[PDB]
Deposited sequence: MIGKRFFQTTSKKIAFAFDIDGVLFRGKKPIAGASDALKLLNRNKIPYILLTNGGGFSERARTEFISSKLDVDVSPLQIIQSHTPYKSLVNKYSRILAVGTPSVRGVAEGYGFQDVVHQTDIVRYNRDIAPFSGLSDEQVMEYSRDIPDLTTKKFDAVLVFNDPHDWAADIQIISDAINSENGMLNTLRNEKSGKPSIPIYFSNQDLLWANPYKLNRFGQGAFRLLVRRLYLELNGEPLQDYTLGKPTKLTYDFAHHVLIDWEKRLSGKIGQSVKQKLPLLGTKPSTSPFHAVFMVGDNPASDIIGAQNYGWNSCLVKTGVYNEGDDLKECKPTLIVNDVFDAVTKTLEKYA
């Protein structure tokens, strides 16, 4: 009994385009009745909307119950925080609402309220109108946490607005505390520490890990203490435990494994994540990693060209 956990970016897709072999890889598992999940540090859309897109592109039925995205574990926080600043692309508002967050504010809602809060926002008037909403108690009800769902697309605004929140007086908009501290005014969560990721471009691009480093750098500058943030996403144990539960529930719904193989392109997320958790791993060369790159101390079970190689070589050798 083996199962697979596939990364998406640099393994199944580059952007919206499938990698050759990705469709065949999943079709092969389905023929053989081998369970799989998708475990991605990407996000932005609902689990349903994302799996609908992947299903269409790869010509397989991927269930919303087979996927863990960066933000999926934020379901665990819905009873902890009444009002959240949900940072990400505009779609993350709906995702957070769907999880059951009581009071969701998107960062663009603050830009709508007062453009002078974010002097270097690139939002056009049309983008403000489309992306944001009027929040009538934006200034009178405190924020309880900042949750970064995915990489937002207006960083001078996004970073300013996050900084305002984590240096505020107890989460109240338009306030600035006097006290310097490593503990932010309200808690802040990052869902992906990937410095780099693989999109259609030939060179690795910065991801949410890079965004996090930037937020942290300015927090340190203002406070003289490092930020006490929360982190999820691969390689964190929290995300692997979450994925493990999704996989167990999926395996039951198909109806515990001798081995789980993480298939990834990034040593620093996928491979270390699996290795720390006790999962096996197959490092592909179609994304962040190029053969010759420093593996440091991760030790992938197999190193292979692409996802179809990962599945076929793993099955031949281990199933």
Ranges lacking C-alpha coordinates, please, mapped onto the deposited sequence and listed in sequence order.
1-12, 268-288
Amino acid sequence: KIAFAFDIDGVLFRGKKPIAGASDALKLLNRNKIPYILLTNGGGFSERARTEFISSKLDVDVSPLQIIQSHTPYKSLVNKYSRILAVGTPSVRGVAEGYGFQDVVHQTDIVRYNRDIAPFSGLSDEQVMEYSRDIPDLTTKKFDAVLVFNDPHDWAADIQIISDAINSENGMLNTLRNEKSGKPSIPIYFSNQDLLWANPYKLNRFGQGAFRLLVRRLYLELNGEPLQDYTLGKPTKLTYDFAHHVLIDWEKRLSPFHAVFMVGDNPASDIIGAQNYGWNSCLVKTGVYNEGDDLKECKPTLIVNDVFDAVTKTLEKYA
From here on, numbers count along this sequence of modelled residues.
Going by the entry, of stretches 75-83 and 218-226 the one with greater average Cα B-factor is 75-83
Of 160-168 vs 177-185, the stretch with the larger average CA B-factor in the entry is 177-185
Take the CA temperature factors straight from the PDB entry and tell me which of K234, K141, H153, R212 peaks.
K141
Sorting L29, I67, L254, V284 by Cα temperature factor from the record, which one lands on top?
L254
Within-chain third of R205 by Cα B-factor, per the entry
lowest
For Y289, return the chain-relative third of its C-alpha B-factor as stated in the PDB record: lowest, middle or highest.
lowest
Lowest, middle or highest third: which one holds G264 when the chain's residues are ordered by CA B-factor from the entry?
lowest
What third of its chain's C-alpha B-factors does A20 belong to: lowest, middle or highest?
highest
Ranked by Cα temperature factor within the chain, is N114 in the lowest third, the middle third or the highest third?
lowest
